[PDB]
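A single chain, nothing else alongside it, follows as structure tokens in the form deposited in one PDB entry.
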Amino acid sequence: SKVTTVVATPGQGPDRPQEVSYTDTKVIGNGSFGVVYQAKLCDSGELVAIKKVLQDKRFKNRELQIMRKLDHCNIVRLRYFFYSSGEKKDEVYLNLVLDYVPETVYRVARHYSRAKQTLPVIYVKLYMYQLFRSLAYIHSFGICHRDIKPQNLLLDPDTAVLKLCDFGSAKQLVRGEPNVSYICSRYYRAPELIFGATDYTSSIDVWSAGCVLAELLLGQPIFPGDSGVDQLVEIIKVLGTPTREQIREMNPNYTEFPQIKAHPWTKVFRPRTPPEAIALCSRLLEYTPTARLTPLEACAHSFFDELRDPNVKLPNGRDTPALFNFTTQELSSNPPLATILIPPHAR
């Protein structure tokens, strides 16, 4: 309840620490590996989130390294960071001061689901489009998030702005460097991870995004289950068993299936589900990792055409959030897509 003054380092640019005062600190929740507090900046009265993570005495903090590089309207901004000490000894905390966003896609989806109500497809379009932009941006640095789930999609439901958060699982993936998946990609686990791949790529995030889309269309997870084994049974119910070629594309080291055919995608979702949403989902939830759309290709899909209509508005009458403020970095995987992604009225 008292005023706390720290010397905090701005997230972006070289280190230029500033005195920052905040107050009204209270626990509001958690990320995967840190408690999240709300606080009010004394200067502007603005609410911020402070994620407190343990600082290793000998190793750099990877989440901080990644977040200092990022600046995108669909990724939670690292305003500042600072260190604090408990009474223990070697007990040091890294404090990440983040923009505060009050709700998540999961909360809105769960509200609609528990009410037996379909989430309006305009919101599905807006949320998924903004997720795909955030992925296009991080993937352009080689950074894979590895924990894409609806609880990590922050949302202001009135403006419909979505921000990806929680980079505690994220890593730069480099061709030829093996990677593991013990504490990450547990929520919507891509099948190559279930099959034990250590050479996986950022397309694991696109699989997760496909699971988010399917959940928003169905009102429940498409592949529920705690373990990868459990999720795989559920994956087979829809996709059938992977072919020998798909297994080789997922994990060429997987030595040790009956042929079970896929279930038609139109029969997975309720009648009246928009056909383009089903088409999009079928190009995300693919066994072969290289067959999945890239994030930028997904943004350009016909499912998002309504967002490119000149007269589109939110249901509350407000303008849509920013959709066309692309950068070179974000477009870098396929700059010619800019012609389609940004209609003439938007540039």
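A residue's number is simply how far along the shown sequence it sits, counting from 1. Definition used throughout: the rigid core is the maximal C-alpha set that superposes within 1.5 Å between two forms.
Looking at the other PDB entries for this protein, residue 87 is absent from the model in a third or more of those that include the residues around it. A chain break between residue 256 and residue 257 is present, corresponding to 1 to 3 residues of the deposited sequence without coordinates. In this entry, 85-93 shows the higher mean Cα temperature factor of the pair 150-158 and 85-93. When the two stretches 108-116 and 262-270 are set side by side, the higher mean Cα temperature factor goes to 262-270.
The PDB entry assigns the greatest CA B-factor among 68, 40, 301, 283 to 40. The PDB entry assigns its highest CA temperature factor, among 64, 293, 27, 322, to 27. Sorting the modelled residues of the chain by their CA temperature factor places residue 195 in the highest third. When the CA B factors of the chain's modelled residues are split into thirds, the value for residue 209 lands in the lowest one. For residue 178, the recorded CA B-factor ranks within the highest third of the chain. Only modelled residues enter the ranking. Among the modelled residues of the chain, residue 252 sits in the highest third by CA temperature factor in this PDB entry. Among the modelled residues of its chain, residue 103 has a C-alpha B-factor that falls in the lowest third according to the deposited record.
Same protein, other form: the form deposited in another entry, not shown, and the subject of what follows.
Per-residue Cα shift between the shown form and the other one after core alignment stays below 2 Å for all of 185, 152, 130, 203 except 185. Core-aligned CA deviation for residue 321 between the shown form and the other one: less than 2 Å.
Once both forms are fitted on their core, the CA shift for residue 294 between the shown form and the other one remains under 2 Å. Core-superposed comparison between the shown form and the other one: the CA of residue 65 stays below a 2 Å shift. Relative to the shown form, the Cα atoms of residue 32 and residue 165 move apart by 3 Å or more in the other entry. The gap between the Cα atoms of residue 32 and residue 108 is larger in the other entry, by no less than 3 Å, than in this form.
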